[PDB]
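The chain below stands alone and is given as structure tokens, in the form deposited in one PDB entry.
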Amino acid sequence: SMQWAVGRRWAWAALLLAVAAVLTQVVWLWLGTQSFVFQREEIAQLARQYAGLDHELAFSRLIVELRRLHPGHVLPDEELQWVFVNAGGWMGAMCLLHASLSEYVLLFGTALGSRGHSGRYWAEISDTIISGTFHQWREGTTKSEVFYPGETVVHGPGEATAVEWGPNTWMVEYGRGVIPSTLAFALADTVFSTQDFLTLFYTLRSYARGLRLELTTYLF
């Protein structure tokens, strides 16, 4: 029965080829087995419930419920920090609740109102208004739409609009895509207009804390 035997060297090389193929195929399914922590419309449906309250208590109760629903995915009270944001000609403030390489969640708004450029991200951005007014002017048009508390503005990837927030506008924001590339835009005016390097450090530290949380949760 010499025709049933298999040499050892050919078997070793064939198993190397087999593991090569298996690894090159199961690496692909990592994009097919993608798992987002939050559903796409879950953040909006969650924030639309707290829009009736004042934005302070609304933020507090929303953070409580978001920690209850996704334990180990929201930054603790020790690392929650309002930091300024200057980009595209507008200025607001953010408080980062969750931050990964594919997702981010943050409270965002302005107490004075601000106008400017929305930016062109490799990400989809949802903004659910808790208070105030939002004015969006889409590219190519000559008109603008207004959004009120409870409503959600969706901003697809690659799109560019003109944005205007009235006085005392506050919203939650969810972002799915290449988050670092968006962080590149959200710090342009901070570098070339405001020179507020302390704010740069604060935003980068918030991102680092979010990533540390998302990694320590994956390991425990």
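Note that residue numbering follows the sequence shown and begins at 1.
Exercise. With respect to the recorded C-alpha B factors, which stretch has the higher mean value, 161-169 or 60-68?
Worked result: If you average the C-alpha B-factors of 161-169 and of 60-68, the larger mean comes out for 60-68.
Exercise. When the C-alpha temperature factors are averaged for each of 173-181 and 23-31, which stretch ends up with the higher value in the entry?
Worked result: Per the deposited B-factors, the answer is 23-31.
Problem set entry | Peak C-alpha temperature factor (PDB record), options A188, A44, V37, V153 | It is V37.
Exercise. Within this chain, which third does the Cα B-factor at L198 fall in: lowest, middle or highest?
Worked result: Lowest third - that is where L198 ends up once the chain's C-alpha B-factors are sorted.
Exercise. What third of its chain's C-alpha B-factors does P76 belong to: lowest, middle or highest?
Worked result: For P76, the deposited C-alpha B-factor lands in the highest third.
Exercise. By the record's CA B-factor, is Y121 among the lowest, middle or highest third of residues in the chain?
Worked result: Within its chain, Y121 is a middle-third residue by C-alpha B-factor, going by the deposited values.
There is also a form deposited in another entry; it is not shown, and the following applies to it.
Exercise. Where is the hinge, among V64, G140, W30, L112, for the turn of one rigid part against another between this form and the one not shown?
Worked result: My reading of the hinge gives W30.
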